[PDB]
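One letter stands for each residue in the lines below.
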Amino acid sequence: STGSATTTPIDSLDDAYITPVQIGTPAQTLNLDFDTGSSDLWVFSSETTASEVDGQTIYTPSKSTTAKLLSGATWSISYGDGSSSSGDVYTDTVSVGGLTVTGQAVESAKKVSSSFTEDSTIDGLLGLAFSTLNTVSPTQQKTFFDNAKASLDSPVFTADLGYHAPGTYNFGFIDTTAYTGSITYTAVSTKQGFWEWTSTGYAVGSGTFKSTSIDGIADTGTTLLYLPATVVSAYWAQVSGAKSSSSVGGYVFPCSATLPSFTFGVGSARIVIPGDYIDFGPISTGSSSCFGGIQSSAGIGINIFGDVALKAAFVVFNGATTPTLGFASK
């Protein structure tokens, strides 16, 4: 089997991407944030505290003839941005782009933090990291990809995120029309539950490439590119007037600037992020200070190749017995 679904930016900045997902019988379609940095499929639901729902579409398990309470199971998750959610668990039929999993754990939110409530465009998350990170207790549950893997033509999914435009998540096949050149594959460590890999270095603009190992995670659920402070300082030093602002929470730059590109290494290959992809617009409406798309990871504990980086590439998440990641230009 295969599946193919379009993923769409939630706003004009590409702050996140939503992909329609069919849950239950008859289908209830929710728009979920596919997140290769986490491993829970959770949804706004008929059980979510009413004051914490503001415009989202909810899953109502009582209206699904295939929903079954997973008795005793609870879940609770906290994300790197400080947001969180928790609740109970149903199993139900879940389909993405024509690919169907029966008995998928659908984690029904009883509580969500304010940032979820305040984002009316995201009806939940669909985790695509390794199932060892799944938070369901006392019986850990498998991700959608893990449940589908055996049925797929090839044990892979691909992320093809657009810049200010829709893109595609494919399951079970590699669309050879979706990228240019060849795909360069690189080793993955699953020891932290992430799609964790080592970039071979970077360049700023037309500058010379610096060979240096940068361990980080391919995370479709993180908006920006978070890298060591040395790398980020070297980037922003090429932008007149750019500075790190503790009050804003990162590097800002004059909105009048033209930003240089940023290149990262994948083995001997190179992925170029155009300068425009690094512009996240005014810090507040009408400001001439703009927020940068490359930020320091110093406070996180891990480097994160988020959407800023991934949308410059066609990315293969290879879930073979030994997982690997592939990157191609497009």
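Calculation criteria
- Residues numbered from 1 in each chain as written, not as in the entry; some residues may be left out.
- Heavy atoms only, no water.
- Residues with missing side-chain atoms left out of burial classes, pairs and counts.
- UniProt positions renumbered as here; feature names shortened; annotations may be inferred.
- Salt bridge = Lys/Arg side-chain N within 4 Å of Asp/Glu carboxyl O.
- Helix = DSSP H or I, 4+ residues; strand = E, 2+ residues; numbered from the N terminus.
- 1 Å grid on protein atoms, 1.4 Å probe; cavity = no way out; pocket = protein on both sides within 12 Å on 5 of 7 lines; lining within 4 Å.
- Buried < 20%, exposed > 50% of the residue type's maximum accessible area, 1.4 Å probe, protein only.
- Contact = heavy atoms within 4.5 Å.
- Pairing = 2+ DSSP bridges.
- Axes fitted to C-alpha atoms, helices over the stretch in contact; angles between N-to-C directions.
- Core = buried A, V, L, I, M, F, W, Y, C linked by side-chain atoms within 4.5 Å.
- Domains from an automatic or database assignment.

Under the PDB entry, the protein has the name Endothiapepsin and belongs to Cryphonectria parasitica. Its UniProt record gives the protein a comment under Sequence similarities, which states: "Belongs to the peptidase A1 family."

S.K.: Give me the pattern of salt bridges: which residues, what numbers.
M.R.: Within the structure shown, the criterion is met by two salt bridges. With its nearest N and O atoms 2.8 Å apart, the salt bridge here joins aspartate 14 to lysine 311. Note that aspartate 14 is positioned in the loop between β1 (3–9) and β2 (17–23) and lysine 311 in the loop between α4 (307–310) and β23 (314–318), a separation of 297 residues in sequence. Here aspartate 160 ties to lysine 330 by a salt bridge, and the two come within 2.8 Å at their closest N and O atoms.

S.K.: Give a description of the UniProt feature "active site" in the protein that names residues and reports values.
M.R.: In the numbering used here, UniProt assigns the "active site" feature to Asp35 and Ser199. Set against the largest pocket, the annotated residues named above that line it are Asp35. The topology assignment puts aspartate 35 in strand β3 (residues 28–35). Given a relative accessible area of 4%, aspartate 35 falls into the buried group. Beyond its immediate sequence surroundings of up to four residues, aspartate 35 is in contact with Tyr79, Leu125, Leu126, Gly127, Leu128, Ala129, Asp219, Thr220 and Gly221. Secondary-structure assignment places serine 199 in strand β12 (residues 196–204).

S.K.: Tell me about the sheet that holds strand β21 (residues 294–296), residues and numbers included.
M.R.: Strand order in the open sheet formed by seven strands is β18-β17-β12-β13-β22-β14-β21, with mixed pairing between adjacent strands. Two strands lie at the open edges of the sheet, namely β18 (269–273) and β21, each paired on one side alone. Taking the axes of each pair of neighbouring strands and ignoring which way they run, one obtains an average angle of 45° across the sheet. Of the strand pairs in this sheet, β12 and strand β13 (residues 210–218) are connected by six bridges, and their pairing is antiparallel. Its bridge partner being in β13, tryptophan 197 is matched across the sheet by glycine 216. The sheet contacts of helix α3 (residues 229–236) involve β12, β13, β14 (225–227), β17 (262–266) and β21, and relative to β21 the element is tilted by about 140°.

S.K.: Break down the nonpolar core for me, with residues and values.
M.R.: Core analysis: the biggest nonpolar cluster contains 69 residues, and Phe171, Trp236, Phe262, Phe264, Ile273 and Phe327 have the highest contact counts within it. For this core, the element with the most residues is α3, which contributes four residues. Residue assignment places this core across two domains, with domain 1 (5–174) and domain 2 (175–330) each supplying three or more. Among all residues touching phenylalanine 264, those that are not within four sequence positions of it are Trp197, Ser199, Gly201, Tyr202, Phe209, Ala269, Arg270, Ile271, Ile273, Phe305, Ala309 and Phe327. Core analysis: the second largest hydrophobic core is formed by 16 residues, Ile77, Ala105, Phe116 and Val136 among them.

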